[PDB]
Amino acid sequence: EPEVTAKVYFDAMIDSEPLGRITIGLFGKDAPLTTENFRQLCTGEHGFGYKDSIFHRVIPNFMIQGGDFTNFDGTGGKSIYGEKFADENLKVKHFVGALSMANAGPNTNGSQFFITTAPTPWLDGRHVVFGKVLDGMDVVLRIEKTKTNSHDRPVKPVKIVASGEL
C-alpha cells in the first residue's frame, strides 16, 4: 500500500437521493502527474472537471467508471496537460477500493477513471493506480448495486454533485 499525499472527495447523488461523500487518498509520490491531474480536475481550477459529471458505467463485483465530463458516454474526457499523458507507474497492483486510470492503450490517460470494487488482476500492469478510497466505500458499494440497462449504464444518473480537495 503506497503513501497518501493528498485527499480529494466526491459528493454523490441519484435523483434527489443524496448518497454521501467519497474521500479519496492520492499517491502523490508514486504518480505525481496522474495525481495532480485528478486533483486539479476535482477542484475545477482550469474551468472544467468532475463537478456535475456522472458514473457512466457500472459493472457489479468489478468496478464503477466515471470521468467523461465532455461526452458523458465514455468516449470523452481530457487531462489538464492536454488530450493524453503517459503512464507513470504500472507496477502498482489493483485492490478493492483502488482508483485507477482508464485508457485506450499505453500513454492515453485522460480524465476517465474507475474505482475497483473487487480484485481485478487482469488490469494490473496496464492501468495506473494512483489512489484509494479512504472513506465512503459504502457509498461506492451502493452505487455498484444501482440498476443498469444496456452497456451497463445506470438507468438513473449517478451524479457527482460536488468535488474538491479536502
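Just count from 1 along the sequence shown to find any residue number.
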{"query": "Greater mean Cα temperature factor according to the PDB record, 52 to 60 or 28 to 36", "finding": "28 to 36"}
{"query": "144 to 152 set against 17 to 25, stretch whose average Cα temperature factor tops the other in the entry", "finding": "144 to 152"}
{"query": "Top Cα B factor in the deposited entry, candidates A98, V128, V139, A118", "finding": "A118"}
{"query": "Within-chain third of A104 by Cα B-factor, per the entry", "finding": "highest"}
{"query": "Chain thirds of CA B-factor: placement of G82", "finding": "highest"}
{"query": "Lowest, middle or highest third - CA B-factor, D68", "finding": "lowest"}
